[PDB]
Amino acid sequence: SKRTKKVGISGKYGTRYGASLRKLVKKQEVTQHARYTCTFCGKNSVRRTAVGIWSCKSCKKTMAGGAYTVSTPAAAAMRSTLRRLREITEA
Amino acid sequence: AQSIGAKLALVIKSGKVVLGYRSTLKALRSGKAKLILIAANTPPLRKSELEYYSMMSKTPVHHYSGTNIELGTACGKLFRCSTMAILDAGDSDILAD
Amino acid sequence: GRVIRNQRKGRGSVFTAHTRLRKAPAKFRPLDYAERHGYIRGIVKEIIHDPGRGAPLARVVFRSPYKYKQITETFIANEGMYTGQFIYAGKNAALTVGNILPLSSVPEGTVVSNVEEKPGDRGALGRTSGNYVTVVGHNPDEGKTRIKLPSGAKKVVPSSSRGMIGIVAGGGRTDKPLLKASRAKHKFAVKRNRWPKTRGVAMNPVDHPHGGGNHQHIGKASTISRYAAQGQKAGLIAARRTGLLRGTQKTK
Amino acid sequence: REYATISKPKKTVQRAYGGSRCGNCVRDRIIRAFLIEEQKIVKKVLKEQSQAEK
Amino acid sequence: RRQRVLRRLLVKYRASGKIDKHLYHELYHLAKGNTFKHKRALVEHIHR
Amino acid sequence: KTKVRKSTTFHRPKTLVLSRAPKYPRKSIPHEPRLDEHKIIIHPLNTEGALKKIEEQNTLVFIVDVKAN
RNA sequence: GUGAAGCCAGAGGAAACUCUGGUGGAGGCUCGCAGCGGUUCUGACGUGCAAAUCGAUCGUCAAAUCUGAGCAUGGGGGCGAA
RNA sequence: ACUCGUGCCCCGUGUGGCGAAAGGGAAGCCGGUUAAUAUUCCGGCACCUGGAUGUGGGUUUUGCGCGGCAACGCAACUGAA
RNA sequence: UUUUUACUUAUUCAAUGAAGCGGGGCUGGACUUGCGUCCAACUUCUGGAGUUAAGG
Ligand SMILES: [Mg+2]
Ligand SMILES: [Mg+2]
Ligand SMILES: [Mg+2]
Ligand SMILES: [Mg+2]
Ligand SMILES: [Mg+2]
Ligand SMILES: [Mg+2]
Ligand SMILES: [Mg+2]
Ligand SMILES: [Mg+2]
Ligand SMILES: [Mg+2]
Ligand SMILES: [Mg+2]
Ligand SMILES: [Mg+2]
Ligand SMILES: [Mg+2]
Ligand SMILES: [Mg+2]
Ligand SMILES: [Mg+2]
Ligand SMILES: [Mg+2]
Ligand SMILES: [Mg+2]
Ligand SMILES: [Mg+2]
Ligand SMILES: [Mg+2]
Ligand SMILES: [Mg+2]
Ligand SMILES: [Mg+2]
């Protein structure tokens with residue numbers, strides 16, 4: 001079944017706070033409650049514990065991530081840039 | 001290399017392999033392992049242990065660039081595989097290089 | 001008239017920051033011989049949530065160069081850091097995320113966190129979630145380094161100042177609406193007694209410069225001079241301009 | 001406070017790091033220590049043979 | 001109560017050998033769905 | 001010419017201390033032991049419940065000084 | 001009482017995602033008892049039981065809910081969802 | 001370390017108090033008993049902490065237990081900084 | 001006379017358990033031809049261990 005047309009996870013808020021605010025909250029809530037594959041062990045068991053803290057239930061590893069996503073695009077771009085600018089210094 | 005996937009598919013189709021850490025260690029101990037594959041995201045301690053076992057067995061090691069998910073998919077399974085051993089390479093030439 | 005709320009806040013009392021659930025301040029290691037000449041290796045034991053702080057903290061254990069003990073430090077966690085990770089702090093440390101390096105040994109264009117204003121101060125700049133300091137340039141003869149701050153300002157710090165390679169974890173925390181008075185209350189209940197806030201125009205003349213009147217109105221220009229007396233500084237202090245910002249701003 | 005009145009064998013298990021470690025961690029420690037010392041020995045011998053050969 | 005009854009019956013049948021593991025698994029998923037309204041319905045489905 | 005200091009911290013050196021040897025006692029006569037037995041025990045209690053336990057339990061009830069243990 | 005995500009099964013279709021039974025147990029959601037409060041009777045009383053109470057009727061009732069003890073802020077000062 | 005207190009030798013980064021009869025925290029149960037107290041008295045049956053030295057047991061005599069593949073077990077089964 | 005920039009000891013700030021600051025000289029090197037100068041001091045595969053010094 002579907003149980004809902006568009007409100008999705010944001011249906012717990014009823015008719016309150018306004019549609020635009022409900023959509024904005026839903027956008028972050030979906031990613032913040034989603035499950036993620038562990039980079040270290042490969043299991044789909046990484047979940048958010050605190051605002052910027054993501055832990056794997058299987059391999060028990062904890063990593064520092066984004067507020068509502070495990071990795072932010074800024075950090076990914078910074079990692080790529082760091083690798084490039086470090087390799088051009090090393091060799 | 002990219003050809004490792006085709007070689008692995010041929011080896012599984014024709015020869016025989018063991019998938020998993022315990023079976024790989026058993027093969028290395030018994031000396032019937034011809035080559036071992038270790039996934040990139042294998043834990044460092046386990047990877048070093050497997051490398052030491054293969055040094056003892058004089059068995060070649062290939063460091064598969066993919067994760068355990070990708071290694072299992074290459075082996076044609078629906079589960080992950082952190083490490084595996086090839087006990088018999090058949091029509092494939094995986095042991096040539 | 002009365003002493004206004006902004007004046008009362010500086011007395012302390014009920015406006016003191018809450019500290020029970022805060023375990024330790026987030027600081028670098030003290031600048032020592034190992035960090036000055038080579039590098040030292042530390043192990044990340046845990047990534048913890050610090051109440052009142054958006055960014056997570058990292059507990060990192062080091063060995064004492066001079067004693068058999070071991071020392072646990074509390075760093076601001078950079079995003080990508082994980083438990084069981086080796087981090088390296090020193091002049092000769094590798095240029096990887098989480099390593100603490102002096103700005104002299106860092107190329108131009110890299111971002112760092114918890115940058116020291118002066119070497120040995122254990123971190124002052126760019127220590128909030130999603131924030132960082134960019135290494136704009138170097139002046140080796142002067143022994144200094146130009147950096148760009150989160151606010152957009154340009155600063156010059158001695159090249160011996162240290163920073164942690166990467167971006168502070170905690171991502172886009174302010175990307176989701178608080179959506180609820182309770183959530184604002186929970187946010188501030190571990191920081192300070194500053195919420196909720198009553199508007200000055202809703203007060204009486206005894207309580208605030210914006211005072212009373214038969215309509216809720218300020219009644220005089222809300223921009224207040226930089227050298228106004230204490231008790232007068234309510235509104236927009238030393239405002240260069242007012243109104244909606246309708247374009248790019250020359251200042252940065 | 002109750003641990004002060006029961007005997008040591010009931011308070012510990014008979015192996016290295018009997019209490020405070022779970023055994024799997026002890027095995028991991030043993031294997032890791034052996035591998036790091038082996039790697040250190042071969043690294044020092046390689047550095048001596050390939051950087052001090054002249 | 002219904003789910004416990006159905007799973008108990010499925011375990012009993014698998015242990016006795018009336019059903020193999022594949023039929024047991026598909027029947028378990030059908031019973032997690034709303035397919036069988038009572039033990040009698042499950043038994044009739046199993047026999048068919 | 002200077003002694004080796006293996007610690008970067010300076011500690012006050014330990015010096016000789018002497019016990020007091022006064023040339024006059026501050027008090028001449030030490031006080032007699034206060035709260036002797038004659039002050040500790042005042043008188044027995046002879047109420048109904050006090051006399052009951054003399055037979056039922058082989059105990060004597062006394063009124064004693066308040067600061068006696 | 002309602003029944004948000006997540007999950008199971010079955011129907012369509014070509015796709016992609018549509019639909020239908022269930023499961024589940026979210027929400028500064030809701031009816032309502034105690035507690036907390038105090039809308040109306042502009043009721044009782046109004047030299048009172050009471051220097052603010054009594055009755056009926058009402059608001060809220062799982063969280064900006066109610067509350068004890070310890071502690072802090074002291075008079076042009078404090079504290080103030082004002 | 002001496003007949004005798006006072007002769008030395010090591011470690012050191014720290015170096016106060018008050019503040020909870022609802023927080024933390026060593027250990028007591030049942031039956032009976034008075035006009036009035038009782039988890040406090042009486043009877044029975046226990047526990048904890050501290051200090052002392054015994055009997056048995058265990059271990060060893062160039063030394064500090066044994067068993068189980070293992071998870072661990074067994075009445076102990078040396079251990080300063 | 002006025003301005004600018006030099007010194008450090010007055011004064012001010014910061015860190016630390018007030019450990020390695022400043023000059024050298026022994027070695028290791030890599031760069032250069034009236035054999036002359038610059039750099040450096042041994043830790044980066046692994047969530048192990050590192051103390052109460054071995055030796056001459
Ligand atoms: Mg005033
Ligand atoms: Mg307001
Ligand atoms: Mg008003
Ligand atoms: Mg005024
Ligand atoms: Mg004014
Ligand atoms: Mg208005
Ligand atoms: Mg006007
Ligand atoms: Mg409600
Ligand atoms: Mg009431
Ligand atoms: Mg009235
Ligand atoms: Mg009347
Ligand atoms: Mg009333
Ligand atoms: Mg009526
Ligand atoms: Mg006290
Ligand atoms: Mg208590
Ligand atoms: Mg007793
Ligand atoms: Mg008794
Ligand atoms: Mg005892
Ligand atoms: Mg004996
Ligand atoms: Mg040489």
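Values below: every heavy atom of this structure, side chains too, minus hydrogens, waters and symmetry copies. The chains referred to below are lettered A, B, ... by the order of the sequence lines, with proteins before strands, and numbering in each begins at 1.
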Answer yes if [N] and [M] form a Watson-Crick or G-U wobble pair with both distances under 3.5 Å, and no otherwise.
N: G:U20; M: G:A9; result: yes
N: G:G37; M: G:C58; result: yes
N: H:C4; M: H:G16; result: no
N: H:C45; M: H:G28; result: yes
N: G:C79; M: G:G38; result: no
N: G:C41; M: G:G55; result: yes
N: G:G46; M: G:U23; result: no
N: G:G74; M: G:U47; result: no

In whole angstrom, give me the gap between the [atom1] atoms of [N] and [M].
N: H:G5; M: H:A21; atom1: P; answer: 49 Å
N: H:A38; M: H:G43; atom1: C1'; answer: 15 Å
N: G:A62; M: G:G25; atom1: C1'; answer: 15 Å
N: G:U65; M: G:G27; atom1: P; answer: 15 Å
N: H:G14; M: G:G77; atom1: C1'; answer: 40 Å
N: G:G24; M: G:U2; atom1: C1'; answer: 14 Å
N: G:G76; M: G:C66; atom1: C1'; answer: 36 Å
N: G:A51; M: G:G68; atom1: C1'; answer: 29 Å

Flag the pair [X] / [Y] as yes when at least one side-chain heavy-atom distance between them is below 4.5 Å, and no otherwise.
X: C:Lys180; Y: C:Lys185; value: no
X: A:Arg47; Y: A:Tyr36; value: no
X: D:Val45; Y: D:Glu48; value: no

Phosphate-side-chain proximity, [X] and [N], N/O vs OP1/OP2 below 4.0 Å:
X: A:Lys2; N: G:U18; result: yes
X: C:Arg36; N: I:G20; result: yes
X: D:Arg15; N: H:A71; result: yes
X: E:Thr35; N: G:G10; result: no
X: C:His37; N: I:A41; result: no
X: E:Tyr28; N: G:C8; result: no
X: F:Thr9; N: H:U13; result: yes
X: C:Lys185; N: G:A64; result: no
X: D:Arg32; N: I:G48; result: no
X: C:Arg5; N: G:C79; result: no

Given that [N] and [M] are neighbours in the strand, would their base rings pass a stacking test of centres under 5.5 angstrom and planes under 30 degrees?
N: H:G65; M: H:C66; value: yes
N: H:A76; M: H:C77; value: no
N: G:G59; M: G:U60; value: yes
N: G:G74; M: G:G75; value: no

>> Can you tell me which nucleotide in I:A15, G:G22, H:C72 comes closest to the side chain of C:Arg122?
In response: I:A15

> Between G:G28, H:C66, I:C45, which nucleotide has the shortest distance from any of its atoms to the side chain of C:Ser182?
Replying inline: G:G28

>> At 4.0 Å (heavy atoms only), tell me whether C:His208 reaches a base, stays on the sugar-phosphate, or touches nothing.
In response: nothing

>> Just confirming the chi classification of H:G58, syn or anti, using 90° around 0 as the syn window.
In response: anti

>> Can you say whether a donor on the side chain of D:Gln14 sits under 3.5 Å from an acceptor on the base of H:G67, or the other way round?
In response: no

> Based on the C1'-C2'-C3'-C4' dihedral, does G:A16 have a north or a south sugar?
Replying inline: south

>> According to salt bridge (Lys or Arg N to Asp or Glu O under 4.0 Å), does anything in residues 205-217 of chain C pair up with another residue at least two apart or in another chain? List the pairs.
In response: C:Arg2-C:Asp207

> Are C:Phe86 and the base of I:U44 stacked, counting only ring centres nearer than 5.5 Å and planes tilted under 30°?
Replying inline: no

> Is F:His11 stacked on the base of H:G12 when the test is centres under 5.5 angstrom and planes under 30 degrees?
Replying inline: yes

> Is NZ or CZ of C:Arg41 both nearer than 6.0 Å to the six-membered ring centre of C:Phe62 and within 45° of the ring axis?
Replying inline: no

>> Do D:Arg29 and D:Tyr17 form a cation-pi contact, if we require the NZ or CZ to be under 6.0 Å from the six-membered ring centre and within 45 degrees of the ring's axis?
In response: yes

> Is it true that C:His217 and C:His215 have ring centroids separated by less than 6.0 Å?
Replying inline: no

> Under the criterion salt bridge (charged side-chain N to carboxylate O under 4.0 Å, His left out), which of C:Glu73, C:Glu116, C:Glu117 is the partner of C:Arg122?
Replying inline: C:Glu73

